[PDB]
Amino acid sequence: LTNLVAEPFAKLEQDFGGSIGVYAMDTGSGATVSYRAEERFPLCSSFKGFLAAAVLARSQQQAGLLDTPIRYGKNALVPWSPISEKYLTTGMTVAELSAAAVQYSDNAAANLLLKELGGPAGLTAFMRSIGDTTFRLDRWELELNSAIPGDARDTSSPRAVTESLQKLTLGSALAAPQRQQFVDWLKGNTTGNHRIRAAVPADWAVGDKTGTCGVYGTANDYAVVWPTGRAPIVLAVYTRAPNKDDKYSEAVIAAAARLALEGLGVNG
């Protein structure tokens, strides 16, 4: 049930000047679309979705975790921290930091939450605990964005991203209240309107998390999509390119998402 219908991903990545990796899963039939799906690509900010899921998993054992107020100093601000900079003088709760990390890609929030989990190895351990043997986080923001060709640090594969996303949003990796909270944070994302969402009709529900490294044409998005009248689709679209100054393209991500939906026979 993989690639029942071929799609012109090769032409798309050649026009882009780099590599595109796609894995999309129809959770009804199990049919998939797969292109470079087991290659490693840099996570960039896309790790922040899994970070929030790891926090929610911990909150199942620590009932007061999400409500805990976190104060931080100016030294915790990282470039691109649009929410946490507004609460520097007040602090934010763990839940608010998690929402900011997911929905605004807030870097200071992400580093604060990484610290809560025991750093990059702690997030990696959470991903291992749900059966993901591919994901690795190695560094903190902003160093994790270097996107060096051939460097496996801070990477995963489109396939493993999709498989883990499915487990966390639709499967049993989180308890039901936490699962719906994770879905709700993804649905509220503000940074993805020109990526997978641009390929998804307005009358379908969708949640996503983006990533943009700023170098090596490296950017990505993953999403759960609920087309009306059929089972949800989970998909991941990752890109990279050979030269440090190569620019990423949101349009290429949207176009790859459209091809994935077409390959699955999902009318959009």
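Note that residue numbering begins at 1 and tracks the sequence as displayed.
Chemist: Which has higher Cα B-factors on average according to the PDB entry: 235 to 243 or 62 to 70?
Modeler: For C-alpha atoms only, the mean B-factor is higher in 62 to 70.
Chemist: Per the PDB record, is the mean Cα temperature factor higher over 115 to 123 or over 187 to 195?
Modeler: Result: 115 to 123.
Chemist: Hey, out of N75, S157, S164, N145, whose CA B-factor is highest in the deposited coordinates?
Modeler: Largest recorded C-alpha B-factor: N75.
Chemist: Maximum C-alpha temperature factor per the entry, among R128, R136, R139, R179, belongs to which one?
Modeler: Across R128, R136, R139, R179, the entry lists the biggest C-alpha B-factor for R179.
Chemist: Using only modelled residues of the chain, where does the Cα B factor of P227 rank: lowest third, middle third or highest third?
Modeler: Answer is middle: the recorded C-alpha B-factor places it there.
Chemist: Please place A24 in the lowest, middle or highest third of its chain by C-alpha B factor as given in the entry.
Modeler: According to the entry, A24 has a C-alpha B-factor in the chain's lowest third.
Chemist: Which third of the chain holds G150 when residues are ordered by C-alpha B factor: lowest, middle or highest?
Modeler: It belongs to the middle third of the chain when residues are ordered by C-alpha B-factor.
Chemist: Determine, from the deposited record, the chain-internal third of the Cα B-factor for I253: lowest, middle or highest.
Modeler: It belongs to the lowest third of the chain when residues are ordered by C-alpha B-factor.
Chemist: Just say lowest, middle or highest third for the CA B-factor of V206 relative to the other modelled residues in its chain.
Modeler: Tercile = middle for this residue's CA B-factor.
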